[PDB]
Amino acid sequence: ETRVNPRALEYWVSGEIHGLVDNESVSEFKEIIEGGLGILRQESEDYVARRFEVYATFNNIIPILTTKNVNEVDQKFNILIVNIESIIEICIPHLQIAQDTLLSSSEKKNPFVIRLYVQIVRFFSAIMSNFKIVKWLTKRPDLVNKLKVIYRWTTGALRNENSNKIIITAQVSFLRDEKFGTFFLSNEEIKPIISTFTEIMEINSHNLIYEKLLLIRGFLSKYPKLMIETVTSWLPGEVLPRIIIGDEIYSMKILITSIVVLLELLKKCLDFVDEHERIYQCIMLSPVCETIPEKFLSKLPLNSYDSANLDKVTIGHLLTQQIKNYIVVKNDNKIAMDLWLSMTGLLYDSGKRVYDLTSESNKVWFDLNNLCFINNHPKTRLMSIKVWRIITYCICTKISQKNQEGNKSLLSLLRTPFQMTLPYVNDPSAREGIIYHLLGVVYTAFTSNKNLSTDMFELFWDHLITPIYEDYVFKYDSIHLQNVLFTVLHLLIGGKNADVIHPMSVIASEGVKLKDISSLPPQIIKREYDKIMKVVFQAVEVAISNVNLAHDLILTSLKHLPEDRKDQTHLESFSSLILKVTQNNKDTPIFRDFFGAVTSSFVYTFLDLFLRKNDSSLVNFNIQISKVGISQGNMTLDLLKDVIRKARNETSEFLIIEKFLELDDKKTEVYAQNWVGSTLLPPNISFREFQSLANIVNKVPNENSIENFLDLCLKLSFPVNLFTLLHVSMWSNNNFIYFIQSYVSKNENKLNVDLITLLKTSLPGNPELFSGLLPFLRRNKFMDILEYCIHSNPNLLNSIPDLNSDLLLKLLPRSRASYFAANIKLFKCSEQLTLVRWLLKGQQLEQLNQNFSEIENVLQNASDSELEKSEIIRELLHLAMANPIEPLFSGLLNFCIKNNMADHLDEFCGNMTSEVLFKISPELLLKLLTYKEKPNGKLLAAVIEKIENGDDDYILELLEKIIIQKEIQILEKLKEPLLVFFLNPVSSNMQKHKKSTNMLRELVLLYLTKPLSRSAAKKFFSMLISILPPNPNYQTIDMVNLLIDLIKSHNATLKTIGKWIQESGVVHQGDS
């Protein structure tokens, strides 16, 4: 049973035994092959009776390529390679014979010979259609030169004589699957094969039409260049009219397949275009009867006129009518727009023919599209607006730019889908179609079109994008649609959040997605920035409710602002834009955050325009933003912080804070003081930043900021004069004080020029500041300042809170004590006591004179210390003896007014001078020596020393005073004034005689007001006359006569006194 021989005819029985029942993946295949050939090589009847069996066996034992079987098939195909020459020399003549015996005789087609022909053809196709053999043949030009002939014999066998249905089927399956021709056939050897397609045998078998259509569909994908070069023959022949005749005659699969041929043909024509316009000249230009053969013209449905006039009707006419029939009659929309699409692409993918879309007779196409779009099915609308992708491709990629008006009309036609979907905007499908078509337009016009430039980008943006957005996008209501389209805009200008090349891909079922858009590119942005922003801004103004899009659009818009365009205009434009964003919104925490980021990035973008001292644009802007915000102060502060963070290592924060202090917001001031007064101040600071910081401390000085600032000044690397930047004379008194203390203690511990100049002008005019710095300066000496202050403004001494008398004695006034003498009224007790000591010890006697009333007013009301008054008064009396003048003597009068002065008064009564005695006035001397005892009565010495041998009228004045005052106690002593009265004639005259007369009479008148003295009367009476020698002069006798007569008005001793009286009278008798 075993050992079935592989060769020698014992294997091949009649019509059976093919294998391989179980000889898989083994060289048994090889044996079956070689033995087979070893049978085909003989010519005996026994071996020729097994041809059909050998070729059926071959066609059976060849495996099919599976994804799990490739090494086995390759080994078997190598097995076929080894025997290639035997297969040539043997099998080619078998094909020749098997063909001639079938085509030579027009009738009597033999069945078995047909079997053999089919089997042989299938073997040869199996050896030509696949395998590495085509590669192996590049090493053997002879074998390919021998193989080429099969194409010739098939070429003749397709047009010659009764080729049976199965014969033609095998031939077209071979010519459909054959692959050797890829490498070894020239154009001139292929074109005849293509010419055969048009003219073959009669058919009407719905299997051969489909097989031929598959043949065409493979030939397009195999030799595209030649299939386009020869389209004029094969397309109007066995492909195109199949659609015009319709589904009545041919099954649906026929029509659909031929339409697919149109699609593939498009896929190929989009790579070469062809400059001969063969498709257009063939379909739209030439008549019907010119390009459709009679075979199909005799089966062509037509009306009366278009049938009687086959010269004015075109292929495109019938095709358009038939598409309309598929929409209206069949409702097979998909078929209709598949056609329509392939038609439009094949006809108008040439730049010359694109413009023909604007012609009137070519807008019937678009009307047809409308006929397909008004259907109720959502997917039908969506598809009818999706197929415009071909229009997008043709217009965008095949425009010439030259005819600007033609371009603008073509773009207006490209905006048609939006016109269609406008009234359907409430339907999701229409919206998805809008997004689809727009993305196709942007992709095919910008992202993929690598030839956009100055002359082009304007035509695209100003006549396609801008019209789309101004006419349609900004007017759609659903904020999700606006969200998507505006998102497209955001993705164009960089700043992408798209989650992530050839224009071709626009013509796809899924189309373009958002992830295939960015960028624009930048080099176009810098040029046409204004053009772009003229649309972006509108988008922002219409999408104020969609805060995210406004935030991202404004931010990534500023991020792409060129440096060469950072001027005032753009700044103000962004200002108006943001202001519109806030005006049409309400303050929510979210909008607070976003708006904060927008303002911060806006100020940071134009930073070098807000940081100039005289612009004030930052102030205006702050006023604008304060409208829509709760905590506006914290919006200013948060703005400062954010702008600082944006330029962390780009612009020093000091320069920002300086110009943010022109806003006078208290919270930014607090932040500035807290920042300067605690941050680390680097010694490596540049002068620009240092002067900025100095302006900060100058604007808002604080204790900590002064400390830290000066600690920086100690470590600088450049000279600097602080007072050209600080202007410390303007600060509050406290900050001034602390600046002085810190600057002194730290910088020098000593006063320099600038400090002197500052103090000599800021202190004399401020009593509070003076009282504040007084302890510090007092401790640090620096008397050249304090003495200057008192010299230029004495009233500072009144404003000293705790004015120590030691400090006052050391702070002599001192050059203009006249003011102090005049204004001593406005001072304190002990301070006056110690003050007058400067006038005394300074010999400022005149100042004590002209302002004596205030001095007596001071000493009047007592004081803290009375010993002070004691010494002061002692020196004052020394001055009273030195120079009488007048004031100090009124002061002596006031001393007499006070009783406690008794000690100093007696002192004065014991210290007299022969010059002062008559500068003394009587009106006070009387009241002085009357109401006092002997202590004051010791002044009487000089008094007597002037009574005798002195001045007449002063003595007479004293006597008149004591007379009119009636001071009886003093009159006891009269001997000396009586000696005067006796020796006072000299010149006499009635004036002095009457004077002495009256003065004597009245002086003796009140000598005793009550006669109760008893023996004293005797005592005095014995002495007052014991010193009376009236002998000299006669006018004395009158005086003595008055005396005696007055005595005669008043016991036993009075008689003796009378006798002595008569004695003096006798002495008078001796003078008469």
# chains A, B, ... in the order shown; residues from 1 in each chain; ligands from 1
>>> residues_around(residues="residue 222 (chain A)", least_positions_apart="5", cutoff="10 Å", atoms="only C-alpha atoms", output="ChimeraX atom specification")
/A:176-179,181-182,216-217,227
>>> select_by_dssp(residues="region 235-371 of chain A", states="alpha helix (DSSP H)", output="PyMOL selection string")
chain A and resi 235-238+241-245+252-269+278-280+288-291+294-297+304-308+315-325+333-348+351-354+364-371
>>> atom_distance(atom1="CA of residue 225 (chain A)", atom2="CA of residue 198 (chain A)")
18.1 Å
>>> atom_distance(atom1="CA of residue 832 (chain A)", atom2="CA of residue 780 (chain A)")
26.7 Å
>>> closest_residue(among="A:228, A:640, A:399, A:980", to="residue 671 (chain A)", atoms="only C-alpha atoms")
A:640
>>> residues_around(residues="residue 914 (chain A)", least_positions_apart="5", cutoff="10 Å", atoms="only C-alpha atoms", output="NGL selection string")
:A and (919 or 942 or 945-946)
>>> write_last_selection(atoms="N, CA and C atoms", output="mmCIF file, in the first residue's frame")
data_model
loop_
_atom_site.group_PDB
_atom_site.id
_atom_site.type_symbol
_atom_site.label_atom_id
_atom_site.label_comp_id
_atom_site.auth_asym_id
_atom_site.auth_seq_id
_atom_site.Cartn_x
_atom_site.Cartn_y
_atom_site.Cartn_z
ATOM 1 N N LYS A 919 21.343 160.263 95.927
ATOM 2 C CA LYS A 919 20.502 159.609 94.935
ATOM 3 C C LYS A 919 19.284 158.962 95.577
ATOM 4 N N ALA A 942 24.728 158.432 108.124
ATOM 5 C CA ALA A 942 24.926 159.287 106.960
ATOM 6 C C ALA A 942 23.849 160.361 106.872
ATOM 7 N N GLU A 945 25.036 163.003 108.856
ATOM 8 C CA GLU A 945 26.220 163.485 108.154
ATOM 9 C C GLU A 945 25.871 164.354 106.953
ATOM 10 N N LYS A 946 24.608 164.357 106.516
ATOM 11 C CA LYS A 946 24.147 165.266 105.475
ATOM 12 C C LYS A 946 23.189 166.339 105.972
#
>>> residues_around(residues="residue 584 (chain A)", least_positions_apart="3", cutoff="12 Å", atoms="only C-alpha atoms", output="NGL selection string")
:A and (540-547 or 577-581 or 587 or 591 or 627-628)
>>> write_last_selection(atoms="N, CA and C atoms", output="PDB file, in the first residue's frame")
ATOM      1  N   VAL A 540     -12.688  87.134  21.367  1.00  0.00           N
ATOM      2  CA  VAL A 540     -12.671  87.408  22.801  1.00  0.00           C
ATOM      3  C   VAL A 540     -13.907  88.198  23.210  1.00  0.00           C
ATOM      4  N   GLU A 541     -14.269  89.214  22.424  1.00  0.00           N
ATOM      5  CA  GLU A 541     -15.377  90.083  22.801  1.00  0.00           C
ATOM      6  C   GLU A 541     -16.711  89.351  22.757  1.00  0.00           C
ATOM      7  N   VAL A 542     -16.833  88.324  21.914  1.00  0.00           N
ATOM      8  CA  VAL A 542     -18.087  87.580  21.832  1.00  0.00           C
ATOM      9  C   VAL A 542     -18.148  86.404  22.802  1.00  0.00           C
ATOM     10  N   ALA A 543     -17.012  85.965  23.338  1.00  0.00           N
ATOM     11  CA  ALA A 543     -16.951  84.815  24.232  1.00  0.00           C
ATOM     12  C   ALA A 543     -16.615  85.232  25.661  1.00  0.00           C
ATOM     13  N   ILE A 544     -17.225  86.320  26.134  1.00  0.00           N
ATOM     14  CA  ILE A 544     -16.942  86.788  27.487  1.00  0.00           C
ATOM     15  C   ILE A 544     -17.547  85.849  28.522  1.00  0.00           C
ATOM     16  N   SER A 545     -18.641  85.165  28.179  1.00  0.00           N
ATOM     17  CA  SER A 545     -19.212  84.184  29.094  1.00  0.00           C
ATOM     18  C   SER A 545     -18.297  82.978  29.257  1.00  0.00           C
ATOM     19  N   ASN A 546     -17.599  82.583  28.191  1.00  0.00           N
ATOM     20  CA  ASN A 546     -16.625  81.495  28.248  1.00  0.00           C
ATOM     21  C   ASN A 546     -15.312  82.102  28.725  1.00  0.00           C
ATOM     22  N   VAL A 547     -15.125  82.120  30.046  1.00  0.00           N
ATOM     23  CA  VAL A 547     -13.990  82.831  30.625  1.00  0.00           C
ATOM     24  C   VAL A 547     -12.678  82.147  30.253  1.00  0.00           C
ATOM     25  N   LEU A 577      -9.836  95.764  25.635  1.00  0.00           N
ATOM     26  CA  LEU A 577     -10.313  94.389  25.547  1.00  0.00           C
ATOM     27  C   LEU A 577     -10.594  93.820  26.933  1.00  0.00           C
ATOM     28  N   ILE A 578      -9.588  93.843  27.812  1.00  0.00           N
ATOM     29  CA  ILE A 578      -9.772  93.329  29.168  1.00  0.00           C
ATOM     30  C   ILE A 578     -10.928  94.046  29.853  1.00  0.00           C
ATOM     31  N   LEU A 579     -10.989  95.372  29.706  1.00  0.00           N
ATOM     32  CA  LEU A 579     -12.084  96.133  30.295  1.00  0.00           C
ATOM     33  C   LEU A 579     -13.434  95.622  29.808  1.00  0.00           C
ATOM     34  N   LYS A 580     -13.518  95.231  28.533  1.00  0.00           N
ATOM     35  CA  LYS A 580     -14.749  94.633  28.026  1.00  0.00           C
ATOM     36  C   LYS A 580     -14.985  93.255  28.625  1.00  0.00           C
ATOM     37  N   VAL A 581     -13.914  92.512  28.910  1.00  0.00           N
ATOM     38  CA  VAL A 581     -14.064  91.200  29.534  1.00  0.00           C
ATOM     39  C   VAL A 581     -14.665  91.338  30.926  1.00  0.00           C
ATOM     40  N   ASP A 587     -18.270  89.468  39.239  1.00  0.00           N
ATOM     41  CA  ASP A 587     -17.121  89.067  40.048  1.00  0.00           C
ATOM     42  C   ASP A 587     -17.439  87.777  40.792  1.00  0.00           C
ATOM     43  N   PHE A 591     -13.626  83.957  38.223  1.00  0.00           N
ATOM     44  CA  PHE A 591     -13.323  85.108  37.379  1.00  0.00           C
ATOM     45  C   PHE A 591     -12.334  86.045  38.055  1.00  0.00           C
ATOM     46  N   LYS A 627     -13.248  98.522  39.013  1.00  0.00           N
ATOM     47  CA  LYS A 627     -14.698  98.552  38.854  1.00  0.00           C
ATOM     48  C   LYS A 627     -15.323  97.209  39.214  1.00  0.00           C
ATOM     49  N   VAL A 628     -14.801  96.119  38.652  1.00  0.00           N
ATOM     50  CA  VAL A 628     -15.380  94.794  38.852  1.00  0.00           C
ATOM     51  C   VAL A 628     -14.498  93.989  39.797  1.00  0.00           C
TER      52      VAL A 628
END
>>> atom_distance(atom1="CA of residue 14 (chain A)", atom2="CA of residue 102 (chain A)")
22.8 Å
>>> residues_around(residues="region 59-76 of chain A", least_positions_apart="5", cutoff="9 Å", atoms="only C-alpha atoms", output="ChimeraX atom specification")
/A:18-20,24-27,29-30,32-33,54,81,119-120,122-123,126,131-132
>>> residues_around(residues="region 392-397 of chain A", least_positions_apart="5", cutoff="6 Å", atoms="only C-alpha atoms", output="ChimeraX atom specification")
/A:349,441,445
>>> write_last_selection(atoms="C-alpha atoms", output="PDB file, in the first residue's frame")
ATOM      1  CA  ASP A 349      -8.266  68.917  -9.266  1.00  0.00           C
ATOM      2  CA  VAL A 441     -10.335  74.327   5.451  1.00  0.00           C
ATOM      3  CA  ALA A 445      -5.055  76.091   3.763  1.00  0.00           C
TER       4      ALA A 445
END
>>> residues_around(residues="region 378-382 of chain A", least_positions_apart="2", cutoff="8 Å", atoms="only C-alpha atoms", output="number ranges by chain")
A: 333-334, 372-376, 384-386, 429-430, 432-433
